[PDB]
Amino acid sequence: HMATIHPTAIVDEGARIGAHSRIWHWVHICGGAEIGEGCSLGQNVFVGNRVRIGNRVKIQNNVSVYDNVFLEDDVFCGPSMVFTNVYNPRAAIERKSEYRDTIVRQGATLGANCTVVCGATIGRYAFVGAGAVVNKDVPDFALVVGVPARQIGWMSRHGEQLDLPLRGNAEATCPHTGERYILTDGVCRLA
């Protein structure tokens, strides 16, 4: 049941990778990293030391999970999406002491080639469209697109838009499962 690791991958002494996880070609994981069970890390992923990745997190090719990135259970990182840890980098000024956290909450989907400016929290089951640039917190269930990203709707856990306004108070059901969502002052939650 131990994690399976491609022979071309480099997992540095000390790293913790949970059962049933799968680590693919030319992945490098630093020794501080903690990765849960049933994760998948695609070709050329990088993982830093100051990183916690939960269970069943699927990370596509070419994603660098840097120090100060935290991924909850069931997060999806699409191909070539990009995390950061310094807000205002300058090569002349080492900013390793100024890292900002990026927290991605359970079930959030980070679309292909999106970018997340450090300091943002991405809420539970949020959905960041392909290519978006996130530079503010993303509410639970929010669908955001564009550069920079702006909220255009709400996404059910299953991954389809809810017939719910952005603002105010309202209720709606998932078009697939029928489960109910409540909007209260512009914040969406599961009933």
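Start at 1 with the first residue shown and count on from there.
Quiz item: Would 5 to 13 or 21 to 29 have the larger average of its C-alpha temperature factors, as given in the entry?
Solution: Averaging CA B-factors over each stretch, the winner is 5 to 13.
Of 160 to 168 and 146 to 154, which one has the bigger average CA B-factor? Higher of the two, by average CA B-factor, is 160 to 168.
By the recorded C-alpha temperature factor, relative to the other modelled residues in its chain, which third is residue 54 in? Residue 54: CA B-factor falls in the highest third of its chain.
Practice task
Within this chain's modelled residues, let me know which third the CA B factor of residue 96 belongs to: lowest, middle or highest.
Solution key: Within its chain, residue 96 is a highest-third residue by C-alpha B-factor, going by the deposited values.
Which third, lowest, middle or highest, does the C-alpha temperature factor of residue 67 belong to within its own chain? Within its chain, residue 67 is a middle-third residue by C-alpha B-factor, going by the deposited values.
When the modelled residues of the chain are sorted by Cα temperature factor, does residue 38 land in the lowest, middle or highest third?
For residue 38, the deposited C-alpha B-factor lands in the highest third.
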